[PDB]
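Note sheet for the following structure.
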Amino acid sequence: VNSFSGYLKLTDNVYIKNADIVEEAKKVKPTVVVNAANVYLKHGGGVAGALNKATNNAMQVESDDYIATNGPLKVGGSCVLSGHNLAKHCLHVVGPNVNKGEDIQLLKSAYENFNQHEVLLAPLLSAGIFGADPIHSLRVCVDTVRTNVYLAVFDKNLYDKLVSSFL
Ligand SMILES: Cc1oc(C(N)=O)cc1S(=O)(=O)Nc1ccc(Br)c(C#N)c1
């Protein structure tokens, strides 16, 4: 038994809730929150900017030190950093950004990073301002992640569309 509440069961291991991932992280303080990162860990907008804002920019400060030491991530890759006030850890995962010309096949590789963690709070990857179809992202998630994933979908009209079209 874990502390996630109000989620709809999608599979044996995938759950989905119409909620704001930041407000969810603040309430649950999960072991792992996933950030929809870019390879530079530049948290301007989307989930990244919202998570970073909720950390009072501490996420960005830590991220800049990480990049200065290690260089950029790979598209499809990840790194584990602090969760600051939101979670024990933040798993920064780089899903391909369609609008930037990044290959969509890399979405499966991105979701494979989730399998290194028993339980995660996560957004959908590669959707929103990353430019790919959210129904597709949910399908890849369900077909790739084997650990327990709690998906927070803030967009009300999208949440309903994802549930109603889920096979
Ligand atoms: C409001 C919304 O729209 C879509 C869509 N395909 O239009 C997804 C979402 S989300 O907020 O619920 N989760 C989410 C996940 C990842 C990213 Br990156 C963003 C952004 N930026 C948002």
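Taking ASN157, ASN57, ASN97 as the candidate residues, the one with maximal mean-square fluctuation in a Gaussian network model of the chain, Cα springs under 10 Å, is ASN157. In this rough spin-label picture, where each label sits 7 Å from Cα along the Cβ direction, the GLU62-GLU23 distance is 2.4 nm. When the GluC sites (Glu not before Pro) in segment 1-110 are filtered for DSSP coil states and for at most 16 other beta-carbon atoms within 10 Å of their beta-carbon, no site remains.
Applying 1/(1 + (r/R0)^6) with r as the Cβ-Cβ distance of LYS42 and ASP160 and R0 = 35 angstrom yields a FRET efficiency of 0.65. Measure out, as a whole number of angstrom, how far apart the alpha-carbon centroids of segment 122-167 and segment 35-91 sit. So the two Cα centres are separated by 21 Å. As a calculated quantity, the FRET efficiency between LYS53 and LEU167 at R0 = 30 Å, using C-beta atoms, amounts to about 0.25.
Taking square-rooted eigenvalues a ≥ b ≥ c of the alpha carbon gyration tensor, is segment 1-71 rounded, prolate or oblate, where a/c under 1.5 means rounded and, failing that, a/b exceeding b/c means prolate?
Prolate, since a/c reaches 1.5 and a/b exceeds b/c.
Note on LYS88: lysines with a C-alpha under 30 Å away, same-chain residues under 8 apart excluded, are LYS9, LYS17, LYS26, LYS27, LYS29, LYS42, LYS53, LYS74, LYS108, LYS156.
Rounded to the nearest 20 debye, the dipole size of segment 1-147 about its Cα centre is 220 debye, using +1 on the Cβ of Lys and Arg and -1 on the Cβ of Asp and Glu. By the helix-only formula, in which each DSSP H run with n ≥ 4 contributes -39500 (n - 2.57) and the sum is divided by residues, the chain has a 222 nm mean residue ellipticity of -10000 deg cm²/dmol. Each peptide in 33-41, 10-18, 114-122 was scored by the mean count of other Cβ atoms within 10 Å over its residues; highest first, the order is 33-41, 114-122, 10-18. Summarising the label geometry, the points placed 7 Å from Cα in the beta-carbon direction at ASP133 and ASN148 lie 3.2 nm from one another.
In terms of its alpha-carbon gyration tensor, segment 71-167 comes out oblate; a/c meets the 1.5 threshold, while b/c is at least as large as a/b. Each Cα pair under 8 Å and six or more residues apart adds its sequence gap; the mean of these over the residue count of segment 14-150 is a relative contact order of 29 percent. In terms of its Cα atoms, the chain spans 43, 35, 27 Å along the principal axes, sorted from long to short.
Bear in mind that the values in this text are calculations on the coordinates, not laboratory data. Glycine gets a Cβ as well: all are built from the backbone with ideal geometry, and neighbour counts include every protein chain shown.
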